[PDB]
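Source file: model-v9.csv (CSV, C-alpha atoms (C1' of nucleotides))
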chain,number,residue,atom,x,y,z
G,770,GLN,CA,-2.3,-10.9,-4.5
G,771,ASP,CA,-0.6,-13.9,-6.2
G,772,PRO,CA,0.5,-16.8,-4.0
G,773,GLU,CA,3.2,-17.9,-6.5
G,774,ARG,CA,4.6,-14.3,-6.7
G,775,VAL,CA,4.7,-13.8,-2.9
G,776,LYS,CA,6.7,-17.1,-2.5
G,777,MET,CA,9.2,-15.9,-5.2
G,778,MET,CA,9.4,-12.4,-3.7
G,779,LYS,CA,10.4,-13.6,-0.2
G,780,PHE,CA,13.3,-15.7,-1.6
G,781,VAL,CA,14.6,-12.9,-3.9
G,782,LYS,CA,14.5,-10.5,-0.9
G,783,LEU,CA,16.5,-12.9,1.3
G,784,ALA,CA,19.1,-13.4,-1.5
G,785,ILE,CA,19.9,-9.6,-1.5
G,786,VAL,CA,19.8,-9.4,2.3
G,787,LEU,CA,22.6,-12.1,2.4
G,788,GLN,CA,25.1,-9.6,0.8
G,789,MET,CA,24.8,-7.0,3.6
G,790,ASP,CA,25.9,-7.6,7.2
G,791,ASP,CA,22.4,-6.7,8.8
G,792,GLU,CA,21.9,-9.5,11.3
G,793,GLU,CA,18.5,-8.5,12.4
G,794,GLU,CA,17.2,-8.2,8.9
G,795,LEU,CA,18.6,-11.7,8.0
G,796,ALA,CA,17.1,-13.2,11.2
G,797,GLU,CA,13.6,-11.7,10.5
G,798,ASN,CA,13.6,-12.8,6.8
G,799,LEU,CA,14.6,-16.4,7.8
G,800,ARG,CA,11.9,-16.5,10.6
G,801,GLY,CA,9.3,-15.4,8.0
G,802,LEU,CA,10.1,-18.2,5.6
G,803,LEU,CA,10.3,-20.8,8.4
G,804,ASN,CA,6.8,-19.7,9.6
G,805,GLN,CA,5.5,-20.1,6.0
G,806,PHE,CA,7.1,-23.3,4.7
G,807,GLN,CA,6.8,-25.4,7.9
G,808,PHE,CA,8.9,-28.6,8.1
G,809,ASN,CA,10.2,-28.1,4.5
G,810,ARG,CA,13.6,-29.7,3.8
G,811,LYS,CA,14.8,-27.3,1.1
G,812,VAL,CA,13.9,-24.3,3.3
G,813,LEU,CA,15.7,-25.8,6.4
G,814,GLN,CA,18.9,-26.2,4.2
G,815,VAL,CA,18.6,-22.6,2.9
G,816,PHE,CA,18.4,-21.6,6.6
G,817,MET,CA,21.7,-23.3,7.6
G,818,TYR,CA,23.6,-22.5,4.4
G,819,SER,CA,22.5,-18.8,4.9
G,820,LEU,CA,24.2,-19.1,8.3
G,821,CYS,CA,27.6,-20.8,7.2
G,822,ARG,CA,30.2,-18.1,8.2
G,823,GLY,CA,31.3,-15.6,10.9
G,824,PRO,CA,30.1,-14.2,14.2
G,825,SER,CA,27.0,-12.7,12.5
G,826,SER,CA,25.6,-16.2,11.8
G,827,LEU,CA,26.7,-17.6,15.1
G,828,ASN,CA,24.8,-14.8,16.9
G,829,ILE,CA,21.6,-15.9,15.1
G,830,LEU,CA,22.0,-19.6,16.1
G,831,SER,CA,23.2,-18.9,19.6
G,832,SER,CA,20.2,-16.6,20.5
G,833,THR,CA,17.6,-17.9,22.9
G,834,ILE,CA,14.9,-16.7,20.5
G,835,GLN,CA,16.1,-19.2,17.9
G,836,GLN,CA,16.3,-22.1,20.5
G,837,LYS,CA,12.6,-21.5,21.5
G,838,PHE,CA,11.5,-21.1,17.8
G,839,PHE,CA,12.9,-24.4,16.7
G,840,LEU,CA,11.7,-26.2,19.9
G,841,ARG,CA,8.2,-25.3,18.9
G,842,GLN,CA,8.4,-26.6,15.3
G,843,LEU,CA,10.1,-29.8,16.6
G,844,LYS,CA,7.1,-30.3,19.0
G,845,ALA,CA,4.7,-29.6,16.1
G,846,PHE,CA,6.3,-32.3,14.0
G,847,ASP,CA,6.1,-34.7,16.9
G,848,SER,CA,2.3,-33.8,17.1
G,849,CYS,CA,1.9,-34.8,13.4
G,850,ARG,CA,4.1,-38.0,14.1
G,851,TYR,CA,2.0,-39.3,17.0
G,852,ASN,CA,-1.5,-37.5,16.7
G,853,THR,CA,-1.4,-35.8,20.2
G,854,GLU,CA,-1.4,-32.3,21.7
G,855,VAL,CA,2.2,-31.3,22.8
G,856,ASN,CA,2.4,-28.3,25.2
G,857,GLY,CA,3.6,-25.1,23.3
G,858,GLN,CA,3.6,-26.8,19.8
G,859,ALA,CA,3.5,-24.4,16.8
G,860,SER,CA,0.2,-24.6,14.7
G,861,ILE,CA,0.3,-27.4,12.1
G,862,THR,CA,0.3,-25.2,8.9
G,863,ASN,CA,1.8,-28.0,6.8
G,864,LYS,CA,-0.9,-30.7,7.2
G,865,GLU,CA,0.4,-32.5,4.0
G,866,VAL,CA,3.0,-34.7,6.0
G,867,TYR,CA,3.0,-38.5,5.2
G,868,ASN,CA,5.1,-40.4,7.8
G,869,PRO,CA,3.5,-43.9,8.2
G,870,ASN,CA,6.6,-45.4,10.0
G,871,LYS,CA,6.6,-42.5,12.7
G,872,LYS,CA,10.2,-41.4,11.9
G,873,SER,CA,11.9,-38.3,13.3
G,874,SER,CA,12.7,-35.4,10.9
G,875,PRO,CA,16.5,-35.7,10.8
G,876,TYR,CA,16.8,-32.1,9.7
G,877,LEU,CA,14.8,-30.8,12.7
G,878,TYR,CA,16.7,-32.9,15.2
G,879,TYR,CA,20.0,-31.9,13.6
G,880,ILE,CA,19.3,-28.1,13.5
G,881,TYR,CA,18.1,-28.3,17.2
G,882,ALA,CA,21.4,-30.1,18.1
G,883,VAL,CA,23.3,-27.3,16.3
G,884,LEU,CA,21.4,-24.6,18.1
G,885,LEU,CA,22.3,-26.1,21.5
G,886,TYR,CA,26.0,-26.9,20.5
G,887,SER,CA,26.6,-23.4,19.1
G,888,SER,CA,25.5,-22.1,22.5
G,889,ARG,CA,27.7,-24.4,24.6
G,890,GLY,CA,25.0,-26.8,25.7
G,891,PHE,CA,27.2,-29.9,25.0
G,892,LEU,CA,25.2,-32.4,27.2
G,893,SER,CA,22.0,-31.3,25.4
G,894,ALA,CA,23.7,-31.6,22.0
G,895,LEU,CA,24.7,-35.2,22.6
G,896,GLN,CA,21.1,-36.2,23.5
G,897,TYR,CA,19.6,-35.0,20.2
S,1,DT,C1',-59.9,86.3,-36.8
S,2,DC,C1',-54.6,85.3,-35.1
S,3,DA,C1',-50.2,87.9,-32.8
S,4,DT,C1',-48.4,89.1,-26.8
S,5,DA,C1',-49.1,90.1,-21.1
S,6,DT,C1',-51.5,88.1,-16.4
S,7,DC,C1',-53.9,85.2,-12.9
S,8,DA,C1',-57.3,82.2,-10.3
S,9,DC,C1',-57.7,77.2,-11.3
S,10,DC,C1',-58.6,71.3,-12.0
S,11,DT,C1',-58.6,68.2,-14.8
S,12,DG,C1',-56.5,66.1,-18.5
S,13,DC,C1',-53.1,64.5,-22.0
S,14,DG,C1',-48.8,62.2,-22.7
S,15,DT,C1',-45.1,63.5,-21.8
S,16,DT,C1',-40.2,63.1,-19.9
S,17,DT,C1',-36.3,61.0,-16.1
S,18,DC,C1',-34.3,56.8,-12.7
S,19,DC,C1',-36.2,52.0,-11.5
S,20,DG,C1',-37.9,47.3,-13.3
S,21,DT,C1',-38.2,43.7,-16.3
S,22,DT,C1',-36.5,39.6,-19.4
S,23,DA,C1',-32.3,37.1,-19.6
S,24,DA,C1',-26.8,37.4,-20.5
S,25,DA,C1',-21.6,35.7,-18.8
S,26,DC,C1',-19.4,35.0,-15.1
S,27,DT,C1',-19.8,34.1,-10.0
S,28,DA,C1',-20.1,31.5,-4.7
S,29,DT,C1',-21.0,28.0,-2.5
S,30,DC,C1',-22.5,23.3,-1.5
S,31,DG,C1',-24.9,18.3,-2.8
S,32,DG,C1',-25.6,13.5,-5.3
S,33,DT,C1',-22.2,10.6,-5.9
S,34,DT,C1',-17.6,9.0,-6.7
S,35,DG,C1',-13.1,6.5,-4.1
S,36,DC,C1',-10.7,5.8,-0.2
S,37,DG,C1',-9.3,3.6,5.3
S,38,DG,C1',-10.3,3.6,11.4
S,39,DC,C1',-11.7,0.2,15.4
S,40,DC,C1',-12.0,-4.1,16.8
S,41,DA,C1',-12.7,-9.3,16.3
S,42,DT,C1',-9.9,-13.8,15.9
S,43,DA,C1',-6.1,-17.6,16.3
S,44,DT,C1',-1.6,-17.5,16.6
S,45,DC,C1',3.2,-16.2,18.2
S,46,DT,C1',5.7,-14.0,21.4
S,47,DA,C1',8.1,-11.1,25.7
S,48,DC,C1',8.7,-11.1,30.4
S,49,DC,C1',8.3,-13.7,34.4
S,50,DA,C1',8.3,-17.3,38.7
S,51,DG,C1',8.7,-21.7,40.6
S,52,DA,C1',11.3,-26.8,41.3
S,53,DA,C1',14.3,-30.0,41.3
S,54,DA,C1',18.7,-29.8,41.2
S,55,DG,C1',23.7,-27.1,40.9
S,56,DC,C1',27.5,-25.2,43.4
S,57,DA,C1',29.6,-22.4,45.7
S,58,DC,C1',30.9,-20.0,50.5
S,59,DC,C1',32.2,-21.8,54.7
S,60,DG,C1',34.5,-24.1,59.2
S,61,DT,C1',34.3,-28.2,62.2
S,62,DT,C1',37.2,-31.9,61.9
S,63,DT,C1',41.9,-34.2,62.5
S,64,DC,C1',45.6,-35.3,60.1
S,65,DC,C1',49.4,-33.2,58.6
S,66,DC,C1',53.4,-28.6,58.8
Produce C-alpha coordinates that represent the structure in this file.
Amino acid sequence: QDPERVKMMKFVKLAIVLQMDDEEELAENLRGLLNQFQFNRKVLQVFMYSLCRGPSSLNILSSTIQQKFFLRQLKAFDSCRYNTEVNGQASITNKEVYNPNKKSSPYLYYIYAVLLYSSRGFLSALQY
DNA sequence: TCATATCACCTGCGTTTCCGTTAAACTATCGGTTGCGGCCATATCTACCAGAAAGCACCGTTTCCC
(Lines of atoms letter the chains of each structure in order from A and count residues from 1; the text may use other names and numbers.)
(Lines give C-alpha, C1' and ligand atoms only; values in the text may rest on other atoms or scores of the structure.)
Protein backbone atom coordinates (compact mmCIF):
# COMPACT_ATOMS: atom_id res chain seq x y z
CA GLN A 1 0.00 0.00 0.00
CA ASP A 2 3.01 2.41 0.19
CA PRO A 3 4.40 3.79 -3.15
CA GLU A 4 7.89 4.29 -1.63
CA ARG A 5 7.93 0.68 -0.37
CA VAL A 6 6.75 -0.93 -3.65
CA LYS A 7 9.58 0.94 -5.51
CA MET A 8 12.16 -0.34 -3.02
CA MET A 9 10.68 -3.84 -3.07
CA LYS A 10 11.04 -4.27 -6.88
CA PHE A 11 14.74 -3.29 -6.85
CA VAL A 12 15.59 -5.59 -3.90
CA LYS A 13 13.77 -8.47 -5.71
CA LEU A 14 15.80 -7.85 -8.90
CA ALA A 15 19.09 -7.77 -6.97
CA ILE A 16 18.45 -11.30 -5.63
CA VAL A 17 17.25 -12.53 -9.09
CA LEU A 18 20.64 -11.43 -10.59
CA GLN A 19 22.47 -14.18 -8.59
CA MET A 20 20.45 -17.11 -10.07
CA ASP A 21 20.59 -18.08 -13.79
CA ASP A 22 16.78 -17.79 -14.37
CA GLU A 23 16.59 -15.84 -17.67
CA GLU A 24 12.79 -15.56 -17.80
CA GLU A 25 12.61 -14.28 -14.21
CA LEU A 26 15.30 -11.64 -14.96
CA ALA A 27 13.56 -10.62 -18.18
CA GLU A 28 10.14 -10.22 -16.46
CA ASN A 29 11.55 -8.20 -13.50
CA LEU A 30 13.39 -5.85 -15.90
CA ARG A 31 10.24 -5.42 -18.06
CA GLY A 32 8.27 -4.49 -14.92
CA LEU A 33 10.73 -1.73 -13.87
CA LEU A 34 10.96 -0.36 -17.44
CA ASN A 35 7.12 -0.19 -17.62
CA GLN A 36 7.05 1.68 -14.26
CA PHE A 37 10.00 4.17 -14.47
CA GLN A 38 9.54 5.16 -18.13
CA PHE A 39 12.48 6.96 -19.86
CA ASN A 40 14.48 7.00 -16.55
CA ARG A 41 18.31 7.11 -17.02
CA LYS A 42 19.33 5.32 -13.78
CA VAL A 43 16.86 2.49 -14.60
CA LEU A 44 18.10 2.18 -18.23
CA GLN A 45 21.66 1.80 -16.89
CA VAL A 46 20.54 -0.85 -14.34
CA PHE A 47 18.98 -2.70 -17.31
CA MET A 48 22.21 -2.83 -19.37
CA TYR A 49 24.50 -3.48 -16.37
CA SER A 50 22.14 -6.32 -15.30
CA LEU A 51 22.82 -7.73 -18.80
CA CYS A 52 26.70 -7.36 -18.96
CA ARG A 53 27.81 -11.09 -19.27
CA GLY A 54 27.15 -14.46 -20.91
CA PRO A 55 24.67 -16.12 -23.29
CA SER A 56 21.85 -15.62 -20.74
CA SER A 57 22.03 -11.84 -21.11
CA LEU A 58 22.54 -11.97 -24.90
CA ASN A 59 19.37 -14.13 -25.18
CA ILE A 60 17.44 -11.30 -23.45
CA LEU A 61 18.75 -8.53 -25.75
CA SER A 62 18.54 -10.64 -28.95
CA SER A 63 14.84 -11.61 -28.39
CA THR A 64 12.25 -10.04 -30.77
CA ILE A 65 10.12 -9.23 -27.69
CA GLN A 66 12.84 -6.86 -26.42
CA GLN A 67 13.26 -5.22 -29.86
CA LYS A 68 9.50 -4.44 -29.99
CA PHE A 69 9.37 -3.28 -26.35
CA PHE A 70 12.15 -0.71 -26.80
CA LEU A 71 10.83 0.48 -30.17
CA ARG A 72 7.57 1.43 -28.41
CA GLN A 73 9.29 3.43 -25.64
CA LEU A 74 11.48 5.18 -28.26
CA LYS A 75 8.29 6.16 -30.20
CA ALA A 76 6.74 7.38 -26.92
CA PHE A 77 9.77 9.59 -26.25
CA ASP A 78 9.54 11.03 -29.79
CA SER A 79 5.86 11.77 -29.04
CA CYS A 80 6.87 13.86 -25.96
CA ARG A 81 9.71 15.45 -28.05
CA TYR A 82 7.45 16.65 -30.95
CA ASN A 83 3.85 16.72 -29.47
CA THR A 84 2.28 14.24 -32.03
CA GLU A 85 0.67 10.76 -32.13
CA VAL A 86 3.16 8.04 -33.32
CA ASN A 87 1.67 4.67 -34.43
CA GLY A 88 2.12 2.00 -31.69
CA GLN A 89 3.73 4.39 -29.12
CA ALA A 90 3.69 3.31 -25.44
CA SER A 91 1.43 5.41 -23.14
CA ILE A 92 3.26 8.48 -21.74
CA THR A 93 3.41 7.51 -18.04
CA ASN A 94 6.35 9.89 -17.36
CA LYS A 95 4.74 13.24 -18.37
CA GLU A 96 7.40 15.13 -16.29
CA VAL A 97 9.90 15.35 -19.27
CA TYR A 98 11.48 18.79 -19.96
CA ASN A 99 13.30 18.89 -23.35
CA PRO A 100 12.97 22.45 -24.80
CA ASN A 101 15.74 21.89 -27.44
CA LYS A 102 13.93 18.71 -28.84
CA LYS A 103 17.04 16.45 -28.26
CA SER A 104 17.03 12.65 -28.61
CA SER A 105 17.44 10.50 -25.48
CA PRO A 106 20.98 9.15 -26.12
CA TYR A 107 20.25 6.21 -23.79
CA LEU A 108 17.15 5.09 -25.74
CA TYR A 109 18.88 5.39 -29.13
CA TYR A 110 21.96 3.60 -27.74
CA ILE A 111 20.00 0.69 -26.21
CA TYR A 112 18.01 0.33 -29.45
CA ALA A 113 21.30 0.22 -31.46
CA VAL A 114 22.57 -2.49 -29.04
CA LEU A 115 19.37 -4.58 -29.42
CA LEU A 116 19.78 -4.56 -33.24
CA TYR A 117 23.57 -5.13 -33.18
CA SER A 118 23.30 -8.00 -30.67
CA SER A 119 20.87 -9.70 -33.13
CA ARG A 120 23.08 -9.25 -36.27
CA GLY A 121 21.18 -6.26 -37.75
CA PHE A 122 24.40 -4.32 -38.55
CA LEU A 123 22.86 -2.02 -41.18
CA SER A 124 20.17 -1.04 -38.68
CA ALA A 125 22.71 -0.56 -35.87
CA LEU A 126 24.71 1.96 -37.96
CA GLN A 127 21.57 4.08 -38.58
CA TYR A 128 20.79 4.65 -34.88
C1' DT B 1 -75.92 -50.18 74.31
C1' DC B 2 -71.33 -52.08 71.60
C1' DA B 3 -68.90 -56.85 69.74
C1' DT B 4 -69.51 -60.31 64.46
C1' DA B 5 -72.07 -62.48 59.72
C1' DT B 6 -74.90 -61.01 54.99
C1' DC B 7 -77.04 -58.44 51.14
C1' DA B 8 -79.79 -55.18 48.18
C1' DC B 9 -78.10 -50.47 47.26
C1' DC B 10 -76.63 -44.82 45.84
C1' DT B 11 -74.75 -41.34 47.20
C1' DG B 12 -71.09 -39.34 49.53
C1' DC B 13 -66.49 -38.48 51.63
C1' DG B 14 -61.67 -38.13 50.77
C1' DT B 15 -59.12 -41.00 49.88
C1' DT B 16 -55.11 -43.34 47.24
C1' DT B 17 -52.03 -44.22 42.42
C1' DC B 18 -49.76 -42.42 37.43
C1' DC B 19 -50.09 -37.79 34.88
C1' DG B 20 -49.47 -32.55 34.96
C1' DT B 21 -47.67 -28.46 36.51
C1' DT B 22 -43.82 -24.82 37.52
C1' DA B 23 -39.19 -24.38 36.14
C1' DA B 24 -34.10 -26.72 36.23
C1' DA B 25 -29.27 -27.93 33.30
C1' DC B 26 -28.21 -29.29 29.30
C1' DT B 27 -29.67 -29.73 24.33
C1' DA B 28 -30.53 -28.86 18.60
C1' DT B 29 -30.83 -26.09 15.45
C1' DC B 30 -30.80 -21.65 12.93
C1' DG B 31 -30.84 -16.02 12.70
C1' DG B 32 -29.05 -10.91 13.26
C1' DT B 33 -24.87 -9.66 12.22
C1' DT B 34 -19.94 -9.97 11.65
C1' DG B 35 -15.81 -10.50 7.65
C1' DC B 36 -14.58 -11.97 3.47
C1' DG B 37 -14.15 -12.23 -2.57
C1' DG B 38 -16.77 -13.47 -7.99
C1' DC B 39 -18.04 -11.09 -12.74
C1' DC B 40 -17.18 -7.61 -15.57
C1' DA B 41 -15.83 -2.79 -16.96
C1' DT B 42 -11.72 0.07 -18.63
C1' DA B 43 -7.04 1.62 -20.98
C1' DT B 44 -3.20 -0.41 -21.89
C1' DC B 45 0.16 -4.07 -23.57
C1' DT B 46 0.75 -7.93 -26.16
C1' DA B 47 0.61 -12.63 -29.33
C1' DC B 48 -0.22 -14.23 -33.75
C1' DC B 49 -0.80 -12.87 -38.33
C1' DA B 50 -0.77 -11.03 -43.53
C1' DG B 51 0.60 -7.91 -47.07
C1' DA B 52 4.47 -4.80 -49.94
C1' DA B 53 8.29 -3.33 -51.59
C1' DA B 54 12.13 -5.41 -52.11
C1' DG B 55 15.73 -9.69 -51.54
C1' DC B 56 17.73 -13.64 -53.76
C1' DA B 57 17.99 -17.58 -55.14
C1' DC B 58 16.96 -21.55 -58.77
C1' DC B 59 17.52 -21.76 -63.54
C1' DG B 60 19.04 -22.02 -68.82
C1' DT B 61 19.52 -19.24 -73.09
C1' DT B 62 23.38 -17.20 -74.60
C1' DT B 63 28.21 -17.35 -76.72
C1' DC B 64 32.68 -17.29 -75.47
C1' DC B 65 35.69 -20.33 -73.93
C1' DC B 66 37.66 -26.08 -72.95
Subject >> Exercise answer, chain G residues close to chain S, 10 Å and all atoms listed in the file, as JSON, numbers by chain >> reply: {"G": [804, 834, 838, 859, 860]}
Per residue of segment 817-877 of chain G within 7 Å of segment 884-891 of chain G, what are the shortest atom pair and its distance in Å to one decimal, counting all atoms listed in the file, with rows by chain and residue number, as a tab-separated table?
residue	atom	partner	partner_atom	distance
G:830	CA	G:884	CA	5.4
G:831	CA	G:888	CA	4.9
G:836	CA	G:884	CA	6.2
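Between atom CA of residue 829 of chain G and atom CA of residue 796 of chain G the interatomic distance comes to 6.5 Å.
Taking atom CA of residue 840 of chain G and atom CA of residue 777 of chain G as the two end points, the separation is 27.2 Å.
The space separating atom CA of residue 864 of chain G from atom CA of residue 783 of chain G comes to 25.6 Å.
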Given 6 Å on each side, where is the centre and what are the edge lengths in Å to one decimal of the axis-aligned box enclosing the listed atoms of segment 36-39 of chain S, as JSON?
{"center_x": -10.5, "center_y": 3.0, "center_z": 7.6, "size_x": 14.4, "size_y": 17.6, "size_z": 27.6}
Original post:
Of the candidates G:820, G:814, G:827, G:861, which shows the shortest atom-to-atom distance to residue 879 of chain G, using all atoms listed in the file?
Top reply: G:814
Subject >> Residue nearest residue 852 of chain G among G:805, G:832, G:868, G:770 (counting all atoms listed in the file) >> reply: G:868
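Using all atoms listed in the file, the shortest contact distance between residue 812 of chain G and any of G:780, G:878, G:839, G:846 is found at G:780.
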Rebuild segment 793-822 of chain G to N, CA and C atoms - output it as an mmCIF file, keeping the file's coordinate frame, please.
data_model
loop_
_atom_site.group_PDB
_atom_site.id
_atom_site.type_symbol
_atom_site.label_atom_id
_atom_site.label_comp_id
_atom_site.auth_asym_id
_atom_site.auth_seq_id
_atom_site.Cartn_x
_atom_site.Cartn_y
_atom_site.Cartn_z
ATOM 1 N N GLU G 793 19.866 -8.535 12.102
ATOM 2 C CA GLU G 793 18.500 -8.500 12.400
ATOM 3 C C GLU G 793 17.586 -8.682 11.200
ATOM 4 N N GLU G 794 17.946 -8.046 10.090
ATOM 5 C CA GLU G 794 17.200 -8.200 8.900
ATOM 6 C C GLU G 794 17.261 -9.699 8.435
ATOM 7 N N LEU G 795 18.454 -10.302 8.385
ATOM 8 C CA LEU G 795 18.600 -11.700 8.000
ATOM 9 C C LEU G 795 17.763 -12.603 8.929
ATOM 10 N N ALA G 796 17.838 -12.398 10.234
ATOM 11 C CA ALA G 796 17.100 -13.200 11.200
ATOM 12 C C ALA G 796 15.581 -13.081 10.962
ATOM 13 N N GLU G 797 15.047 -11.883 10.723
ATOM 14 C CA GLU G 797 13.600 -11.700 10.500
ATOM 15 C C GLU G 797 13.165 -12.323 9.161
ATOM 16 N N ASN G 798 13.925 -12.179 8.070
ATOM 17 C CA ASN G 798 13.600 -12.800 6.800
ATOM 18 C C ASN G 798 13.510 -14.351 6.963
ATOM 19 N N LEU G 799 14.522 -14.937 7.602
ATOM 20 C CA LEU G 799 14.600 -16.400 7.800
ATOM 21 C C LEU G 799 13.380 -16.838 8.650
ATOM 22 N N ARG G 800 13.037 -16.112 9.715
ATOM 23 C CA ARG G 800 11.900 -16.500 10.600
ATOM 24 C C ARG G 800 10.602 -16.452 9.796
ATOM 25 N N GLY G 801 10.444 -15.507 8.879
ATOM 26 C CA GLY G 801 9.300 -15.400 8.000
ATOM 27 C C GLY G 801 9.124 -16.655 7.137
ATOM 28 N N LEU G 802 10.184 -17.063 6.434
ATOM 29 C CA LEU G 802 10.100 -18.200 5.600
ATOM 30 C C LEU G 802 9.913 -19.520 6.384
ATOM 31 N N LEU G 803 10.508 -19.652 7.568
ATOM 32 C CA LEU G 803 10.300 -20.800 8.400
ATOM 33 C C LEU G 803 8.877 -20.903 8.947
ATOM 34 N N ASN G 804 8.234 -19.759 9.199
ATOM 35 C CA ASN G 804 6.800 -19.700 9.600
ATOM 36 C C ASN G 804 5.926 -20.129 8.453
ATOM 37 N N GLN G 805 6.260 -19.738 7.223
ATOM 38 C CA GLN G 805 5.500 -20.100 6.000
ATOM 39 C C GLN G 805 5.609 -21.511 5.555
ATOM 40 N N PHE G 806 6.814 -21.958 5.212
ATOM 41 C CA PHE G 806 7.100 -23.300 4.700
ATOM 42 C C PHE G 806 7.480 -24.259 5.816
ATOM 43 N N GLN G 807 6.552 -24.525 6.723
ATOM 44 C CA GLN G 807 6.800 -25.400 7.900
ATOM 45 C C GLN G 807 7.257 -26.784 7.558
ATOM 46 N N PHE G 808 8.263 -27.268 8.292
ATOM 47 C CA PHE G 808 8.900 -28.600 8.100
ATOM 48 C C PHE G 808 9.636 -28.799 6.788
ATOM 49 N N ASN G 809 9.623 -27.859 5.844
ATOM 50 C CA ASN G 809 10.200 -28.100 4.500
ATOM 51 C C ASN G 809 11.721 -28.238 4.507
ATOM 52 N N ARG G 810 12.202 -29.333 3.910
ATOM 53 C CA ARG G 810 13.600 -29.700 3.800
ATOM 54 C C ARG G 810 14.451 -28.662 3.025
ATOM 55 N N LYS G 811 14.029 -28.247 1.825
ATOM 56 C CA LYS G 811 14.800 -27.300 1.100
ATOM 57 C C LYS G 811 14.920 -25.942 1.793
ATOM 58 N N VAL G 812 13.890 -25.528 2.520
ATOM 59 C CA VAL G 812 13.900 -24.300 3.300
ATOM 60 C C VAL G 812 14.857 -24.436 4.508
ATOM 61 N N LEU G 813 14.831 -25.572 5.216
ATOM 62 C CA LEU G 813 15.700 -25.800 6.400
ATOM 63 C C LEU G 813 17.189 -25.785 5.920
ATOM 64 N N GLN G 814 17.497 -26.261 4.719
ATOM 65 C CA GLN G 814 18.900 -26.200 4.200
ATOM 66 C C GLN G 814 19.235 -24.778 3.841
ATOM 67 N N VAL G 815 18.340 -24.009 3.219
ATOM 68 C CA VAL G 815 18.600 -22.600 2.900
ATOM 69 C C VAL G 815 18.872 -21.845 4.233
ATOM 70 N N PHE G 816 18.193 -22.160 5.331
ATOM 71 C CA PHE G 816 18.400 -21.600 6.600
ATOM 72 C C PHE G 816 19.878 -21.778 7.097
ATOM 73 N N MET G 817 20.327 -23.031 7.178
ATOM 74 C CA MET G 817 21.700 -23.300 7.600
ATOM 75 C C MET G 817 22.744 -22.809 6.650
ATOM 76 N N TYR G 818 22.575 -22.964 5.341
ATOM 77 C CA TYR G 818 23.600 -22.500 4.400
ATOM 78 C C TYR G 818 23.649 -20.926 4.472
ATOM 79 N N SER G 819 22.530 -20.234 4.695
ATOM 80 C CA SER G 819 22.500 -18.800 4.900
ATOM 81 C C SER G 819 23.226 -18.368 6.158
ATOM 82 N N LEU G 820 23.552 -19.314 7.029
ATOM 83 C CA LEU G 820 24.200 -19.100 8.300
ATOM 84 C C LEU G 820 25.624 -19.778 8.376
ATOM 85 N N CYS G 821 26.255 -20.162 7.261
ATOM 86 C CA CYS G 821 27.600 -20.800 7.200
ATOM 87 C C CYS G 821 28.797 -20.134 7.815
ATOM 88 N N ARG G 822 28.938 -18.803 7.793
ATOM 89 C CA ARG G 822 30.200 -18.100 8.200
ATOM 90 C C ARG G 822 30.079 -16.888 9.110
#
